[PDB]
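The chain contents come next:
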Protein chains: 6
Amino acid sequence: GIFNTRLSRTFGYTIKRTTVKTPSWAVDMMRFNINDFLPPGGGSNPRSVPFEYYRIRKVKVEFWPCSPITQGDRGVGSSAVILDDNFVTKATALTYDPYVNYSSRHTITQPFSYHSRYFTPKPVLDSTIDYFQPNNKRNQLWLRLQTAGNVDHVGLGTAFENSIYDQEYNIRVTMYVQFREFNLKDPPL
Amino acid sequence: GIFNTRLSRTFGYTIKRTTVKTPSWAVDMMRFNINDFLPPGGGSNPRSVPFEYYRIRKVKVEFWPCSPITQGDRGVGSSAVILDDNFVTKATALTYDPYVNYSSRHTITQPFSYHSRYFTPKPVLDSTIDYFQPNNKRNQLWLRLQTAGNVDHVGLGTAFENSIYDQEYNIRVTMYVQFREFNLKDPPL
Amino acid sequence: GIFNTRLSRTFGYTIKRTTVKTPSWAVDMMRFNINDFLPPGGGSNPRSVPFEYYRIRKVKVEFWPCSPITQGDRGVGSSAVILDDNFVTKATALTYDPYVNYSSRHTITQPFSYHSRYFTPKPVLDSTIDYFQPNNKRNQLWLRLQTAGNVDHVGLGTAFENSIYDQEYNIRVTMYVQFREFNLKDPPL
Amino acid sequence: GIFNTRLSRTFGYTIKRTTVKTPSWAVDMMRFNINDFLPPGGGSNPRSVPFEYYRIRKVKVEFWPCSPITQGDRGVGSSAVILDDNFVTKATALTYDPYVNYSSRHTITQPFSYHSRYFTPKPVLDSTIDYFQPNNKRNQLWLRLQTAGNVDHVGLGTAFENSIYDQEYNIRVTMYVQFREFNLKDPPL
Amino acid sequence: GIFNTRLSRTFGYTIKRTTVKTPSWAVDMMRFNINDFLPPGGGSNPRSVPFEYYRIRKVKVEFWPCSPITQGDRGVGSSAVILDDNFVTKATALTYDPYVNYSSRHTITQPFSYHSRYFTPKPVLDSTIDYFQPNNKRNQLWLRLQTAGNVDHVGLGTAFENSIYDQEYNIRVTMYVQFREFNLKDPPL
Amino acid sequence: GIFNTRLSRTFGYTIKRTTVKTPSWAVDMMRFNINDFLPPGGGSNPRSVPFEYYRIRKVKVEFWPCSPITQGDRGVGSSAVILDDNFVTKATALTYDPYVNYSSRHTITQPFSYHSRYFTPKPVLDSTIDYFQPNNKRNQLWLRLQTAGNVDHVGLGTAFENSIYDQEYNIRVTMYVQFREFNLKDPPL
Ligand SMILES: O=C(O)[C@@H]1O[C@@H](O[C@H]2[C@H](O)[C@@H](NS(=O)(=O)O)[C@@H](O)O[C@@H]2COS(=O)(=O)O)[C@H](OS(=O)(=O)O)[C@@H](O)[C@@H]1O[C@H]1O[C@H](COS(=O)(=O)O)[C@@H](O[C@@H]2O[C@@H](C(=O)O)[C@@H](O[C@H]3O[C@H](COS(=O)(=O)O)[C@@H](O)[C@H](O)[C@H]3NS(=O)(=O)O)[C@H](O)[C@H]2OS(=O)(=O)O)[C@H](O)[C@H]1NS(=O)(=O)O
């Protein structure tokens, strides 16, 4: 019983100002979990979408700027796809862009420019070995939609060039999911 | 955002015994409401299936017998489709089968025989005028999936021939519904 | 060195009687392990089928009734396929059929009727995450035929409607397996 | 329930030196029994390979030398197929080669050379009359896989020229058999 | 960013002499890890090949002899492919060749003969369950190239026939690997 | 063993303000060396990319502005390709644009506009004679990837029109290189 749908979530991210003169970059990570998109249900149905299995097909991360088009001290960054839960260490002012030479690098124009990334994440099945599957719609694993313990999906790391002014963003993540085995429970009343 | 699915519900019906010698029939009615198939949800989602609109396409009423194949004093009844909320009055021992000459009559062999009826019900929009639409999949009205006040659908009346022994049935109603406008709400936690 | 064969096993299951008047259902689970079908061998060959690897292709669960065709208080249940080791909790008299709205539900006529289910099970590789593969004969994983510690395969849950009389069944499970790498050891004597 | 496969075994054979000056040969036969290749099983299953029947298709005898290539006093011998269990008498130093003129003769270089024979053996049904069937894959008989009383098959005899030095070989046998009637037995535990 | 290359490594293996008269075999195992082929890098690049992911496609194990062609007491052994990290126990003088009846057995002529094996290994993801994938170039898992903790690949076990003389070998393992996601880091200087 | 890849590097360039009223231009040069893109390696591998030879195919110089789009006193400059290590002399306020009549001149809109140049540089083999090859992918010379003494490539000179305000730029040079003869060294540990 397949049901392809779309789930979204919005949150903020700010790159604080720095008095440093050099071009330094601010590094951070981004994971994706389905608990943040799918709330708990009620009653005999533990989740709000009554299905048993799921598998995330795609994610769309949108960096919607919060800064005016008149803001100066512009910069240039990079967003890369990291499917293994080993990101570059979080840094406030690093002397280089680590994600620049990555094959999945897209340039981030800053601060007042929109940046989208559309990709297929991978689940963290074993963080010790960090193995994942290649892209195959027919062979992608089905995970279970747990009650409160779903596994973290992974796949984006960023590097933003710091500035004299604060750079704020409203980040909207949209997960395109595919469920299976409609499992609604209908007790009497 | 269409989603065709199937919702079921099971309940009992008994035709009590009678010392009456004549062939008399027991008349009863059967309505269909979506509250009995779709429970209330939890949180910002008032219902368990997160959709706004619905329209019932078909219903399958199944009279599953509870009586052995050795039971005697067998009989013959009738099930008809009544799309207007004006049934023959409920009777315990009526001297005739009212639903026998109906164009939608199917014979009910009793007591140990299975009886199915598959039809398209109609909603009770105005009980004073009792108007309904003909069968058209493209023009069928969309109703709203209310929180606790959905409208009764209608479409089956029965007449069972009484017997010296009690005739029990387990009635399984299956509604084939079609929803629209996925409206999940995802607050933070 | 492929060898497709067929292994069987027979055991009993009883749904005890209940004085409860309502229609209640008895829920239970069913796992499959190869130790119950393949005994230990003798000598340098730890198992009786001299192969290294295996993978279960299909299972046929047959509910052979033990009850006469004259038994009354008949009922209606459901059997569903559960490939993840999270079954509905075992219950004696539950007020509803949980497996009724499952996409893999087959109706169980009770008590004197035969019920078969033919499906492809999945192994329990990680019970915490509960991941499994879709059906693909060419890509199905090969497991090792361990000596005394093989992994449990999963895939059936049932719901039987209770009755005044005891409902007994003789359940015959047949696993269609596929072995690899003939590994017979022939020491002197 | 057919199952073609391959079984093997290894043992040693030596040809002690002789002070005789004339060209003399040493004679010896070779039988083939399955009990040497197939150990006993365990439990209800008397044999490790669970089938009832078998019938040998082919045998591959391999004379692997143990000697160096620098060894002198080279010689020459013969092998032949004998399907009756009435061989030439075993001899140490015979003045001629009995197996030379047989139609199934293949020459044997000595001492450091590889030699192989690939043929269809035959069983010993009646040692008095010593009869068998011509080669036919469809009309070959099916024998029973006994517990500790399988029959001896036959089909090779040899003749090796003696020397001043000891000639040692490692003999590997390989059987190509074909079983039938999978007969596994699964008692409880 | 795919880069198929070839990595090699050379080491020794000796089968010590034995006064035992019988034909006995020496059993040993062989695993493959990428730390032994890929050294640690320097600086911000933890490894010498600047890539993130890898997957081993093939391995070529070459037994290059160290013994002269005049060496006697020759023998015959077996090499088999064991993709699950459960080898036959290491033995000095075992009374039989365990790997002889394996479907992946290749004969090892000893002592002065070259033996190659070319196969696709499998990683040890769970040693408790010992599951692996079949051969599929498109679906083979990508592992992470860890810094100092890579997972052991597996796939060869041997059985060498003992001798009066020591049998030495220089074993050259060549792994054909496939990397992904070039991740060079270029800080200033 | 060819491996085409891409190496990047980012640095700053500022055109300081001038009180001069006339239109004057600021002249500067730009060379390219592989030491600034490829760091030193570690151990027996002197460089981080384990190859022997290289040849630079293309370079992409990107002038990413640092100035707001509201900045006035705009100007117009020129970027030319100079493949011989004899640039126009560096000047702070020159009374004309020297690179304007060059056949390889591209106009630089200033200050808030992006300027890219994509070309094939040439190495400085003899600065006395200053000879170089025409563009030919098949005949381009292979240089050696030295340890700390690589030769400077050349090919861009600029002329920026001065302004009352400071004009800052973040210059990102990307070299598209082609290596040869994978030369990894793997000592023991
Ligand atoms: O010994 C000979 O007579 C002679 O042997 C060979 O010549 C060599 C000399 O023997 C050797 N000296 S020795 O020390 O005596 O060995 C040296 O002198 O060199 C010579 C030159 O030959 S060589 O260069 O080849 O060595 C030669 O035979 S051969 O070498 O095998 O070719 C022959 O010249 C001759 O042997 C033949 O005759 C004997 C004696 O019988 S007779 O000739 O008929 O009188 C044959 O013996 C047969 O087989 C045995 C047996 O298999 O045991 C007997 O069979 C019966 O018993 C079995 C059961 O066994 S038991 O439980 O009784 O032990 C029953 O199941 C059978 O049914 C019985 N036979 S039946 O009912 O009559 O059919 C019996 O003695 C005899 O039976 S029969 O003849 O088969 O019927 C011998 O096989 C035969 N040689 S063969 O080539 O045919 O094998």
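Residues numbered from 1 in each chain as written, not as in the entry; some residues may be left out. Chains lettered and ligands numbered in written order. Part of a larger assembly, values for the part shown. Heavy atoms only, no water.

In the PDB archive, cryo-EM is given as the structure determination method for this entry, at a resolution of 3.5 Å.

This brings us to unusual backbone geometry. Of note, the amide linkage connecting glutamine 110 of chain A to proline 111 of chain A takes the cis form, showing an omega dihedral of -5°. Along the chain, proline 111 of chain A turns up in the loop between β8 (106-110) and β9 (115-119). A positive phi angle, near 60°, is found at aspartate 85 of chain D, a position not held by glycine. (Helix = DSSP H or I, 4+ residues; strand = E, 2+ residues; numbered from the N terminus.)

What follows is about the relation of the copies chain E and chain C. Rotating chain E by 120° and translating it 0.3 Å along the rotation axis places it on chain C, where the RMSD comes to 0.0 Å. Those values place the two copies in the arrangement expected of a three-fold rotation axis. Residue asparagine 139 of chain E of chain E places its C-alpha closer to the rotation axis than any other residue of that unit, at 5.0 Å. When the interface residues of chain E are mapped onto chain C, a mere 9% of them are again interface residues, pointing to distinct binding faces. (Least-squares fit on C-alpha atoms. Contact = heavy atoms within 4.5 Å.)

Once that is clear, we can look at the interface of chain D and chain C. Opposite the 25 residues of chain D that make contact, chain C presents 26 residues. Interface area for chain D against chain C, summed over the two sides, is near 1,500 Å², with a carbon-plus-sulfur share of 64%. On the chain D side of the contact with chain C, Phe3, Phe182 and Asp186 of chain D bury the most area, a combined 31% of that side's loss. The tally of links from chain D across to chain C stands at zero salt bridges. The interface formed by chain D and chain C contains one residue pair in polar contact. Secondary-structure elements contributing two or more residues to the side of chain D that touches chain C are β1 (3-15) and β3 (40-42) of chain D. In terms of residues, the side of chain D that touches chain C owes the most to one element, β1 of chain D, which gives six residues. When its residues are assigned to classes, the side of chain D that touches chain C shows 13 nonpolar, seven polar and five charged. (Buried area = accessible area lost by both parts, 1.4 Å probe. Salt bridge = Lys/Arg side-chain N within 4 Å of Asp/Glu carboxyl O. Polar contact = N/O pair within 3.5 Å; in protein donor to acceptor, adjacent residues only side chain to side chain. Nonpolar A, V, L, I, M, F, W, Y, C, P; charged D, E, K, R; others polar.)

Let us now look at the packing of aromatic side chains. Taken as a whole, this structure holds 81 aromatic pairs over all chains when the rule is applied. Between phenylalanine 51 of chain D and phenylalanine 182 of chain D, the ring centres sit 5.8 Å apart and the planes meet at 75°, which makes this aromatic pair edge-to-face. One end of the pair, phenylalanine 51 of chain D, is in strand β5 (residues 51-54); the other, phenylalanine 182 of chain D, is in strand β14 (residues 167-182), with 131 residues separating them in the sequence. In this structure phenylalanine 51 of chain D comes out as buried when scored by relative accessible area, which is 5%. Given the relative accessible area of 21%, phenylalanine 182 of chain D is considered partly exposed. The rings of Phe3, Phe51, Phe179 and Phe182 of chain A together with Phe3, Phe51, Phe179 and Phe182 of chain B are connected pair by pair, giving a single aromatic cluster. (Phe/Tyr/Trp six-rings, centres within 6.5 Å; stacked < 30°, edge-to-face > 60°. Buried < 20%, exposed > 50% of the residue type's maximum accessible area, 1.4 Å probe, protein only.)

What follows covers the interface of chain E and chain C. Each side of the interface is counted separately: chain E has 22 residues, and chain C has 24 residues. Taking both sides of the interface into account, the surface hidden between chain E and chain C amounts to around 1,800 Å²; carbon and sulfur atoms contribute 52%. Run the count over chain E and chain C and you get four residue pairs in polar contact. Grouping the amino acids of the side of chain E that touches chain C by side-chain chemistry returns 11 nonpolar, nine polar and two charged.

Residues and elements named next belong to chain D. The immediate surroundings of the ligand are formed by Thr89, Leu94, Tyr96 and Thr128. Between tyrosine 96 and the ligand, the recorded distance is 2.3 Å, taken from a side-chain N or O atom to an oxygen atom. Contacts to the ligand include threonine 128, whose side-chain N or O atom sits 3.3 Å from an oxygen atom. Notes on the ligand: free accessible area 1,300 Å², of which the protein chains cover 18%. (Near = heavy atom within 4 Å. Areas by Shrake-Rupley, 256 points an atom, 1.4 Å probe, with all protein chains shown as cover.)

Let us now look at the environment of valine 124 of chain E. Of note, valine 124 of chain E is situated in the loop between β10 (122-123) and β11 (143-144). Take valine 124 of chain E: its relative accessible area is 17%, and that puts it in the buried class. Separated by 28 residues in the primary sequence, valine 124 of chain E and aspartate 152 of chain E have C-alpha atoms spaced 6.0 Å apart. Ignoring any residue separated from it by four or fewer positions in sequence, one finds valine 124 of chain E in contact with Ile129 of chain A together with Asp85, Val151, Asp152 and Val154 of chain E.

Quick look at the relation of the copies chain D and chain C now. Placing chain D over chain C gives an RMSD of 0.3 Å and needs a rotation angle of 180°, together with 0.1 Å of translation along the axis. The symmetry that links the two subunits is that of a two-fold axis. Among all residues of chain D, the minimum C-alpha distance to the rotation axis is found for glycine 42 of chain D, at 2.0 Å. The fraction of interface residues of chain D whose copies in chain C are also interface residues reaches 100%, indicating that both copies meet through the same surface.

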